[PDB]
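A.B. asks: Here it is, the structure, as structure tokens.
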There are 2 protein chains.
Amino acid sequence: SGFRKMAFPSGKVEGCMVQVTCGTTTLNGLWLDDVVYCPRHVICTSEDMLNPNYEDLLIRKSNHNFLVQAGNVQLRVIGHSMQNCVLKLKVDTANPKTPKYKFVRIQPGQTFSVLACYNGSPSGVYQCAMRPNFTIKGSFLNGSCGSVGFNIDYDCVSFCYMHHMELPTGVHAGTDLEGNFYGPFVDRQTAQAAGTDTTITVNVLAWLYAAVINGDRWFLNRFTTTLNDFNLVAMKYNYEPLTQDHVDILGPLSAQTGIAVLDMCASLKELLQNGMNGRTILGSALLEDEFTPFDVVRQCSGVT
Amino acid sequence: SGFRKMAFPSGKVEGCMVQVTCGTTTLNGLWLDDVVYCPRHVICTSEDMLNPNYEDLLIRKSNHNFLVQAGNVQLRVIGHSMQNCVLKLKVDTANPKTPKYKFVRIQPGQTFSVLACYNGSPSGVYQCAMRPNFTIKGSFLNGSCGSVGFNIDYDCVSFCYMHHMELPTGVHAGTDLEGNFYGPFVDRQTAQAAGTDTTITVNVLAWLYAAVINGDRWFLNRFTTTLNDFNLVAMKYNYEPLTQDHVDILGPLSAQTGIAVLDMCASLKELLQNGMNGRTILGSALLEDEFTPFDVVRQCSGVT
Ligand SMILES: CNc1ccc(N(Cc2ccsc2)C(=O)Cn2nnc3ccccc32)cc1
Ligand SMILES: CNc1ccc(N(Cc2ccsc2)C(=O)Cn2nnc3ccccc32)cc1
């Protein structure tokens, strides 16, 4: 028992991290097979970030201008190209540590682990969720760009995020591994405000199920509700509308605990309406929304 | 910016995890050089755990009874011995993935990362603190025994914890890598209750400094206090007494923010006395105590 904000083991990703330098800018890259992926803003100075013309800036760069170092060994760059907001640097050596991998574009509400890196070296790992406004609440400092988000299915690493920027709000924006930004964000130092950060209702319910499994049951009540009634309450509290798909995904958690999904919705409704009254659930004094139903089952079963 | 419960990158430890089986019991082991470390209760059945005589149980075991598998390859066991509550299995092959490492016995209040494992395979990583009552609040299921806690100083892995048991309270107990339990716990399925779980005051203050660095400053007030006055309040709230050593360790955080340690103590005093009034600090609605002052500096500087 016990429930923690657990990240995937980061070893398979640590073996892919490299340092990429272009001119005076150094950030992280992801070396998979014979390609190194990195944010295209590596070709910019801080002066360029106000209104960069990436196609024009890239014309002034040749293969030899991209310095790629894997630990202490220099990779030879034999090609470069821009795909959306990422640069793909073809190198002459396939990464011997390349794991089985996929590039996936995740949905808002889905979770992933981030291996924060600086100068191609890993500093730490933590679990994230793609917010419904397509930002992530990470922990990134200057030089962390190119750090990636991923999930792991036994031996396969699904890369879903590459860090590009911190919004003036202190929240983070980035792309999938095809270089497409999540949300409306652009790689320009401009006024970009994130939309309403709604709470991921299906994840809060999954976390309530995790709480019941792990012994925290004080919040269970004698009530039930309907999807429409629950959603009137979810709207008032800036919670995502709950759908039948969400109820279906909570099915295994419902079956394991014997608590019908709508009954858990009624517990959640009372918690929204009455607050925690100074009490805690799984060591938290707020409703946690960064565990998916899949995460709860994975953690409560012991998948390796 | 942003502040997260960050774990160390787990790659160097993932390369050490193996599966150890003795009879019908399978748990995790730690392979470093030519030795595999694991909990001695691997020699027990659940029947034995009520009152085990480990020396007597071990006499019935030979080197060939300890099955050690590293991924899919079997290690040859050429020696075995019991050191306190751990077994050390001498194998004929040095682990090629052995990192630079040390065995350290940590102090209560200190933090570490845990790589939860099952059947020698890693499932996830999370950040912990050794509680002042010498328990850890982890996420462990049956088969997780032998999973280890560690810290990393650039290339050196300091192993500090090996998981042994879950107390009837849902909290966790284990040993250092010399097999000595943290706290008064014994590897016997018996009545063992943890003492008072006090809050790690120096860590809460470190986290308040992290909050100010990252922009959450609402809790700063116009007051100051003294160590003796603060400690009268800390006692009332089951917080650890703050010492001059703790103030000294907070020195760098104080210098960086310009907020004197006793002034932060006065903010903490008001937060203890008045609560958060429905507000949050670094996304938490309670006072976080599982970041040391070293953790805050490390995360806020970008150490790899
Ligand atoms: C020289 N090149 C350069 C490139 C990028 C940045 N910017 C601004 C920006 C605008 C549009 S895309 C990126 C970043 O946001 C970087 N970054 N990322 N995460 C960060 C956390 C803390 C501090 C900085 C961080 C700055 C300089
Ligand atoms: C057959 N051998 C055996 C050995 C140990 C255990 N016990 C009881 C126990 C008493 C004294 S030392 C250990 C554990 O506590 C194992 N364990 N650890 N973390 C756990 C989380 C969830 C469930 C079980 C967990 C049980 C069986």
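In the structure tokens, the first chain shown is A, the next is B, and so on; residue numbers restart at 1 for each chain, and ligands run from 1 in the order shown.
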I'd like the superposed copy of chain A - fitted to chain B by least squares over all paired Cα atoms - as a short mmCIF file (atom, residue, chain, number, x, y, z; two decimals) with C-alpha atoms, in the first residue's frame.

C.D. replies:
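Generated file (part-v6.cif):
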```
data_model
loop_
_atom_site.label_atom_id
_atom_site.label_comp_id
_atom_site.auth_asym_id
_atom_site.auth_seq_id
_atom_site.Cartn_x
_atom_site.Cartn_y
_atom_site.Cartn_z
CA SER A 1 10.78 28.13 -12.48
CA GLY A 2 8.30 25.60 -11.05
CA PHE A 3 8.97 23.27 -8.13
CA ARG A 4 8.32 19.52 -8.24
CA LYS A 5 8.84 16.46 -6.01
CA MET A 6 11.78 15.37 -8.14
CA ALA A 7 13.57 12.07 -7.93
CA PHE A 8 17.17 11.44 -9.04
CA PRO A 9 17.51 9.85 -12.55
CA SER A 10 17.25 6.10 -11.80
CA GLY A 11 19.34 4.61 -14.66
CA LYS A 12 22.44 3.87 -12.59
CA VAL A 13 20.27 1.92 -10.07
CA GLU A 14 18.12 0.15 -12.70
CA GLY A 15 21.39 -1.47 -13.92
CA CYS A 16 21.81 -3.05 -10.44
CA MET A 17 18.42 -4.58 -9.95
CA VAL A 18 18.17 -8.34 -9.99
CA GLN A 19 15.61 -10.93 -8.88
CA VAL A 20 16.42 -13.23 -5.98
CA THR A 21 14.43 -16.39 -5.29
CA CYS A 22 14.83 -18.73 -2.35
CA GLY A 23 12.33 -21.57 -2.31
CA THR A 24 8.92 -20.08 -3.07
CA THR A 25 9.87 -16.48 -2.11
CA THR A 26 10.93 -13.99 -4.80
CA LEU A 27 12.10 -10.46 -4.07
CA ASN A 28 14.59 -7.87 -5.38
CA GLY A 29 18.31 -7.73 -4.92
CA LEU A 30 20.99 -5.11 -5.52
CA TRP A 31 23.98 -6.33 -7.58
CA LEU A 32 27.10 -4.21 -7.04
CA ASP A 33 30.50 -5.61 -8.10
CA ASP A 34 30.36 -9.39 -7.30
CA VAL A 35 27.79 -9.17 -4.47
CA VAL A 36 23.99 -9.21 -4.49
CA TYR A 37 22.33 -7.60 -1.46
CA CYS A 38 18.78 -8.55 -0.48
CA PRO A 39 16.54 -8.74 2.60
CA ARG A 40 17.29 -11.83 4.69
CA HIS A 41 13.51 -12.57 4.89
CA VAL A 42 13.89 -14.04 1.33
CA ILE A 43 14.69 -17.30 3.24
CA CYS A 44 11.26 -17.18 4.94
CA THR A 45 7.82 -18.36 4.00
CA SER A 46 4.85 -16.21 5.24
CA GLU A 47 4.50 -18.99 7.96
CA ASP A 48 8.08 -18.28 9.19
CA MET A 49 7.57 -14.43 9.46
CA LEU A 50 5.62 -14.70 12.79
CA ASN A 51 8.82 -15.61 14.77
CA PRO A 52 11.74 -16.43 12.43
CA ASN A 53 15.09 -17.72 13.67
CA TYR A 54 17.11 -16.44 10.74
CA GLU A 55 20.39 -18.15 11.77
CA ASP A 56 18.58 -21.54 11.95
CA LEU A 57 16.63 -20.98 8.69
CA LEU A 58 19.83 -19.99 6.86
CA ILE A 59 21.63 -23.22 7.98
CA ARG A 60 19.16 -25.17 5.78
CA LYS A 61 20.19 -23.04 2.70
CA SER A 62 23.16 -23.57 0.38
CA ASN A 63 24.56 -21.30 -2.41
CA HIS A 64 22.53 -23.22 -5.02
CA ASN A 65 19.22 -22.47 -3.22
CA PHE A 66 19.58 -18.70 -3.98
CA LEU A 67 18.46 -18.16 -7.56
CA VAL A 68 19.70 -14.81 -8.85
CA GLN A 69 18.60 -13.58 -12.24
CA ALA A 70 19.72 -10.33 -13.86
CA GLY A 71 17.10 -9.70 -16.55
CA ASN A 72 17.11 -13.07 -18.28
CA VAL A 73 20.60 -14.23 -17.27
CA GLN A 74 21.29 -16.44 -14.28
CA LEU A 75 24.12 -15.52 -11.90
CA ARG A 76 26.21 -18.22 -10.29
CA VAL A 77 26.20 -17.94 -6.48
CA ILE A 78 29.60 -18.86 -4.94
CA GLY A 79 28.98 -17.63 -1.37
CA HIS A 80 26.33 -16.38 1.04
CA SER A 81 26.34 -14.66 4.39
CA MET A 82 24.04 -12.74 6.65
CA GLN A 83 25.04 -9.18 7.74
CA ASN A 84 22.40 -7.91 10.23
CA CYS A 85 19.03 -8.11 8.27
CA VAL A 86 20.54 -8.41 4.75
CA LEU A 87 21.94 -11.36 2.87
CA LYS A 88 25.05 -10.82 0.74
CA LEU A 89 25.26 -13.32 -2.12
CA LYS A 90 28.69 -13.56 -3.63
CA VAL A 91 28.35 -14.24 -7.35
CA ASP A 92 31.07 -15.24 -9.87
CA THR A 93 30.51 -12.16 -12.10
CA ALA A 94 31.04 -8.49 -11.26
CA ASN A 95 28.07 -6.39 -12.43
CA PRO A 96 29.33 -4.60 -15.58
CA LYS A 97 26.78 -1.84 -14.92
CA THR A 98 28.09 -1.19 -11.32
CA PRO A 99 28.23 2.58 -10.85
CA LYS A 100 30.55 4.48 -8.44
CA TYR A 101 28.74 3.88 -5.15
CA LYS A 102 28.76 4.29 -1.37
CA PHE A 103 26.62 2.84 1.42
CA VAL A 104 25.33 5.59 3.72
CA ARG A 105 23.06 5.50 6.76
CA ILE A 106 20.88 8.58 6.52
CA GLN A 107 19.52 10.86 9.25
CA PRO A 108 15.76 11.30 9.88
CA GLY A 109 14.55 14.32 7.86
CA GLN A 110 16.88 13.50 4.95
CA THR A 111 15.38 12.74 1.54
CA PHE A 112 16.08 10.03 -1.07
CA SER A 113 14.70 8.47 -4.24
CA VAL A 114 13.21 4.94 -4.31
CA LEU A 115 13.22 2.74 -7.40
CA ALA A 116 10.25 0.46 -6.73
CA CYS A 117 10.88 -2.98 -8.25
CA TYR A 118 9.09 -6.29 -8.68
CA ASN A 119 10.78 -9.54 -9.80
CA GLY A 120 14.04 -7.60 -10.38
CA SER A 121 12.30 -5.18 -12.76
CA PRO A 122 11.83 -1.45 -12.12
CA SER A 123 8.24 -0.15 -12.02
CA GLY A 124 8.73 3.48 -10.97
CA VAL A 125 10.67 6.08 -9.13
CA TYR A 126 9.62 8.60 -6.46
CA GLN A 127 11.12 10.95 -3.85
CA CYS A 128 10.92 10.06 -0.09
CA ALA A 129 12.03 11.36 3.27
CA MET A 130 13.11 9.25 6.21
CA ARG A 131 10.42 10.30 8.77
CA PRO A 132 11.55 11.46 12.25
CA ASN A 133 9.92 8.17 13.55
CA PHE A 134 12.20 6.20 11.05
CA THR A 135 9.43 5.05 8.75
CA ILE A 136 9.01 6.08 5.11
CA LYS A 137 5.66 6.77 3.47
CA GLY A 138 6.27 4.80 0.25
CA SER A 139 4.33 2.94 -2.41
CA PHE A 140 5.17 -0.71 -2.09
CA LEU A 141 3.23 -3.85 -2.81
CA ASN A 142 4.07 -7.55 -2.11
CA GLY A 143 7.27 -8.43 -4.03
CA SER A 144 8.71 -4.88 -3.67
CA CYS A 145 11.13 -5.96 -0.89
CA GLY A 146 14.73 -5.35 -1.80
CA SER A 147 13.80 -2.14 -3.72
CA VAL A 148 16.36 0.53 -2.70
CA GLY A 149 16.57 4.20 -1.77
CA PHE A 150 19.49 6.29 -2.93
CA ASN A 151 20.92 9.74 -3.63
CA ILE A 152 23.31 10.72 -6.46
CA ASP A 153 26.34 13.14 -6.27
CA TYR A 154 27.19 13.56 -10.06
CA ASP A 155 28.43 9.97 -10.81
CA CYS A 156 28.37 8.49 -7.26
CA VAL A 157 25.28 6.59 -6.01
CA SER A 158 24.88 6.66 -2.23
CA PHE A 159 22.57 3.78 -1.29
CA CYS A 160 20.75 4.50 1.97
CA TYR A 161 17.66 2.28 2.12
CA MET A 162 16.52 -1.23 1.30
CA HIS A 163 12.81 -2.00 1.66
CA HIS A 164 11.86 -4.79 4.08
CA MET A 165 8.32 -4.36 5.33
CA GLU A 166 5.02 -2.64 5.57
CA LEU A 167 3.76 -1.94 9.07
CA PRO A 168 0.10 -2.63 9.82
CA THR A 169 -0.30 1.20 9.66
CA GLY A 170 0.47 1.26 5.89
CA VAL A 171 3.85 2.91 6.41
CA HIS A 172 7.17 1.34 5.47
CA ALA A 173 10.29 0.09 7.29
CA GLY A 174 13.66 -1.05 6.07
CA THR A 175 17.37 -1.05 6.53
CA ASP A 176 20.54 0.71 5.40
CA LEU A 177 22.78 -1.41 3.03
CA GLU A 178 24.59 -2.88 6.07
CA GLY A 179 21.25 -4.48 7.05
CA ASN A 180 20.54 -2.33 10.09
CA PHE A 181 16.93 -1.22 10.40
CA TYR A 182 16.09 2.44 10.59
CA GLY A 183 14.27 2.88 13.91
CA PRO A 184 13.29 0.10 16.28
CA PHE A 185 11.72 -2.13 13.63
CA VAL A 186 12.52 -5.84 13.36
CA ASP A 187 11.98 -8.20 10.41
CA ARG A 188 9.21 -10.12 12.17
CA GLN A 189 5.42 -9.95 11.40
CA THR A 190 4.57 -8.62 14.83
CA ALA A 191 2.95 -5.63 16.59
CA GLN A 192 5.19 -2.75 15.64
CA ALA A 193 3.67 0.69 15.77
CA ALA A 194 5.52 3.80 14.58
CA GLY A 195 6.10 6.64 17.00
CA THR A 196 4.81 10.20 16.56
CA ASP A 197 5.25 11.41 13.05
CA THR A 198 6.60 14.87 13.58
CA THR A 199 6.92 17.43 10.76
CA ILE A 200 10.50 18.17 9.55
CA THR A 201 10.58 21.86 10.31
CA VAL A 202 13.88 22.67 8.53
CA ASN A 203 12.42 21.11 5.32
CA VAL A 204 9.14 23.09 5.60
CA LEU A 205 11.22 26.31 5.84
CA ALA A 206 13.35 25.20 2.89
CA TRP A 207 10.11 24.66 0.90
CA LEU A 208 8.84 28.14 1.93
CA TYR A 209 12.12 29.56 0.56
CA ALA A 210 11.52 27.51 -2.67
CA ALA A 211 8.02 29.04 -2.83
CA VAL A 212 9.37 32.62 -2.56
CA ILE A 213 12.01 31.85 -5.27
CA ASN A 214 9.29 30.47 -7.57
CA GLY A 215 6.88 33.43 -6.95
CA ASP A 216 4.46 32.19 -4.24
CA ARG A 217 4.89 34.96 -1.62
CA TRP A 218 1.41 35.56 -0.12
CA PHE A 219 2.47 33.96 3.22
CA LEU A 220 5.26 36.48 3.87
CA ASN A 221 4.36 38.74 6.76
CA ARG A 222 5.59 41.82 8.67
CA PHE A 223 6.72 39.69 11.68
CA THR A 224 9.74 38.11 13.15
CA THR A 225 10.22 35.59 15.99
CA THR A 226 13.07 33.99 18.04
CA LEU A 227 14.19 30.31 18.03
CA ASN A 228 12.70 29.82 21.51
CA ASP A 229 9.38 31.50 20.60
CA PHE A 230 9.17 29.58 17.27
CA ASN A 231 9.94 26.30 19.09
CA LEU A 232 7.04 26.84 21.53
CA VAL A 233 4.77 26.95 18.45
CA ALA A 234 6.61 24.00 16.74
CA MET A 235 6.03 21.89 19.88
CA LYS A 236 2.29 22.63 19.90
CA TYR A 237 2.05 21.55 16.22
CA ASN A 238 4.22 18.36 16.47
CA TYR A 239 6.96 20.03 14.44
CA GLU A 240 10.63 19.17 15.03
CA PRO A 241 12.48 21.67 17.27
CA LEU A 242 14.49 24.07 15.08
CA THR A 243 18.17 24.39 16.08
CA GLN A 244 20.99 26.83 15.19
CA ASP A 245 22.40 24.03 12.91
CA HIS A 246 19.09 24.15 10.97
CA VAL A 247 19.28 27.98 10.74
CA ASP A 248 22.88 27.66 9.46
CA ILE A 249 21.86 25.08 6.82
CA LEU A 250 19.12 27.53 5.65
CA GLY A 251 21.77 30.30 5.32
CA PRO A 252 22.21 30.01 1.52
CA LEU A 253 18.40 30.15 1.01
CA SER A 254 18.19 33.13 3.32
CA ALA A 255 21.01 34.85 1.40
CA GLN A 256 19.48 34.20 -1.99
CA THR A 257 15.99 35.51 -1.06
CA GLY A 258 17.05 38.24 1.38
CA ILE A 259 14.56 36.83 3.92
CA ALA A 260 16.19 36.24 7.30
CA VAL A 261 15.61 32.72 8.69
CA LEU A 262 13.73 34.00 11.80
CA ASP A 263 11.43 36.09 9.56
CA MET A 264 10.57 32.91 7.59
CA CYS A 265 9.98 31.18 10.96
CA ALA A 266 7.44 33.96 11.77
CA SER A 267 5.67 33.31 8.43
CA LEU A 268 5.62 29.57 9.34
CA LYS A 269 4.33 30.38 12.82
CA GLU A 270 1.36 32.36 11.37
CA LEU A 271 0.67 29.53 8.87
CA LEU A 272 0.62 27.03 11.72
CA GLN A 273 -1.61 29.24 13.87
CA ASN A 274 -3.99 30.47 11.12
CA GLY A 275 -3.83 27.71 8.47
CA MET A 276 -3.77 28.41 4.69
CA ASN A 277 -7.35 29.95 4.62
CA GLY A 278 -8.09 27.87 1.49
CA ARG A 279 -4.95 29.13 -0.32
CA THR A 280 -2.04 27.11 -1.82
CA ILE A 281 1.77 27.20 -1.76
CA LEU A 282 3.62 25.60 -4.71
CA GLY A 283 0.38 23.77 -5.62
CA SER A 284 0.03 22.25 -2.15
CA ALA A 285 -2.71 23.00 0.43
CA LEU A 286 -0.49 21.74 3.29
CA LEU A 287 3.02 22.53 4.48
CA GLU A 288 5.44 20.25 2.53
CA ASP A 289 8.33 18.77 4.56
CA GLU A 290 9.94 16.27 2.11
CA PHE A 291 12.45 18.75 0.51
CA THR A 292 15.72 19.41 2.36
CA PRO A 293 17.50 22.80 2.08
CA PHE A 294 20.03 20.92 -0.20
CA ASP A 295 17.17 19.71 -2.40
CA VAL A 296 15.81 23.22 -2.77
CA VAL A 297 19.22 24.67 -3.80
CA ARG A 298 19.88 21.68 -6.16
CA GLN A 299 16.51 22.06 -7.92
CA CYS A 300 16.66 25.86 -8.05
CA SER A 301 20.25 25.81 -9.54
CA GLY A 302 20.08 22.86 -12.00
CA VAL A 303 22.69 20.37 -10.70
CA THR A 304 23.11 17.33 -13.04
#
```

A.B. asks: Based on DSSP run over this structure's backbone, return all residues of segment 7-153 of chain A in strand (DSSP E or B), as an mmCIF file with C-alpha atoms, in the first residue's frame.

C.D. replies:
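Wrote it out as out.cif, contents follow:
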```
data_model
loop_
_atom_site.group_PDB
_atom_site.id
_atom_site.type_symbol
_atom_site.label_atom_id
_atom_site.label_comp_id
_atom_site.auth_asym_id
_atom_site.auth_seq_id
_atom_site.Cartn_x
_atom_site.Cartn_y
_atom_site.Cartn_z
ATOM 1 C CA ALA A 7 7.581 8.570 -12.469
ATOM 2 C CA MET A 17 20.246 12.592 -23.799
ATOM 3 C CA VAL A 18 22.861 14.641 -25.566
ATOM 4 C CA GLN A 19 23.963 18.288 -25.560
ATOM 5 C CA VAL A 20 23.397 20.407 -28.648
ATOM 6 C CA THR A 21 25.159 23.734 -29.164
ATOM 7 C CA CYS A 22 24.615 26.181 -31.997
ATOM 8 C CA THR A 25 23.137 28.573 -27.323
ATOM 9 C CA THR A 26 23.326 25.180 -25.596
ATOM 10 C CA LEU A 27 20.314 22.981 -24.915
ATOM 11 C CA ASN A 28 19.368 19.271 -24.785
ATOM 12 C CA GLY A 29 18.761 16.885 -27.616
ATOM 13 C CA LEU A 30 17.263 13.410 -27.917
ATOM 14 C CA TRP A 31 19.453 10.904 -29.812
ATOM 15 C CA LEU A 32 17.451 7.968 -31.204
ATOM 16 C CA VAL A 35 18.957 11.348 -35.447
ATOM 17 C CA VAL A 36 19.185 13.966 -32.701
ATOM 18 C CA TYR A 37 15.958 15.874 -32.007
ATOM 19 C CA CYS A 38 16.077 19.306 -30.369
ATOM 20 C CA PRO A 39 14.076 22.557 -30.214
ATOM 21 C CA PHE A 66 25.545 22.050 -34.698
ATOM 22 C CA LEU A 67 27.824 20.671 -32.003
ATOM 23 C CA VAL A 68 26.400 17.454 -30.581
ATOM 24 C CA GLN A 69 28.070 15.816 -27.628
ATOM 25 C CA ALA A 70 26.964 12.553 -26.013
ATOM 26 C CA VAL A 73 32.067 12.139 -27.172
ATOM 27 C CA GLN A 74 31.383 14.338 -30.161
ATOM 28 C CA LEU A 75 28.881 13.184 -32.796
ATOM 29 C CA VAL A 77 26.505 15.812 -37.993
ATOM 30 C CA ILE A 78 25.861 14.755 -41.625
ATOM 31 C CA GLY A 79 22.456 16.429 -42.130
ATOM 32 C CA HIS A 80 19.983 18.876 -40.624
ATOM 33 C CA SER A 81 16.359 19.754 -41.229
ATOM 34 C CA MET A 82 13.518 21.547 -39.555
ATOM 35 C CA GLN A 83 10.231 19.633 -38.909
ATOM 36 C CA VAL A 86 12.094 20.773 -33.904
ATOM 37 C CA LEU A 87 15.415 20.311 -35.630
ATOM 38 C CA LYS A 88 16.443 16.791 -36.655
ATOM 39 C CA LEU A 89 20.222 16.409 -36.831
ATOM 40 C CA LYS A 90 21.309 13.384 -38.781
ATOM 41 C CA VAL A 91 24.496 12.011 -37.225
ATOM 42 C CA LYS A 100 12.337 0.483 -28.535
ATOM 43 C CA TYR A 101 10.452 3.753 -28.998
ATOM 44 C CA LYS A 102 7.422 5.506 -30.491
ATOM 45 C CA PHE A 103 6.496 9.173 -30.942
ATOM 46 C CA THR A 111 0.165 11.948 -17.652
ATOM 47 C CA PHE A 112 3.883 11.469 -18.416
ATOM 48 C CA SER A 113 7.321 11.548 -16.820
ATOM 49 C CA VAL A 114 9.872 14.313 -17.557
ATOM 50 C CA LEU A 115 13.618 13.799 -17.331
ATOM 51 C CA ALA A 116 14.847 17.344 -16.670
ATOM 52 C CA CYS A 117 18.281 17.846 -18.253
ATOM 53 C CA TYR A 118 20.945 20.520 -18.492
ATOM 54 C CA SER A 121 22.991 15.622 -18.425
ATOM 55 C CA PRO A 122 19.993 14.397 -16.410
ATOM 56 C CA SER A 123 19.200 16.252 -13.167
ATOM 57 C CA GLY A 124 15.930 14.640 -12.093
ATOM 58 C CA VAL A 125 12.704 12.958 -12.960
ATOM 59 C CA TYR A 126 9.098 13.804 -12.066
ATOM 60 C CA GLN A 127 5.516 12.957 -13.096
ATOM 61 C CA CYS A 128 3.408 15.513 -15.093
ATOM 62 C CA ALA A 129 0.022 15.851 -16.716
ATOM 63 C CA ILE A 136 2.457 21.554 -18.105
ATOM 64 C CA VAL A 148 11.575 15.223 -22.866
ATOM 65 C CA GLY A 149 8.370 13.714 -21.518
ATOM 66 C CA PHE A 150 7.634 10.041 -22.016
ATOM 67 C CA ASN A 151 5.706 6.962 -20.938
ATOM 68 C CA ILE A 152 6.963 3.341 -20.893
ATOM 69 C CA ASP A 153 5.028 0.135 -21.915
#
```

A.B. asks: Taking the DSSP secondary structure from the backbone, can you list the residues of segment 61-240 of chain A that are helix (DSSP H, G or I), as a list in words?

C.D. replies: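 Answer for segment 61-240 of chain A, restricted to helix (DSSP H, G or I): residues 63, 64, 65, 201, 202, 203, 204, 205, 206, 207, 208, 209, 210, 211, 212, 213, 227, 228, 229, 230, 231, 232, 233, 234, 235 and 236 of chain A.
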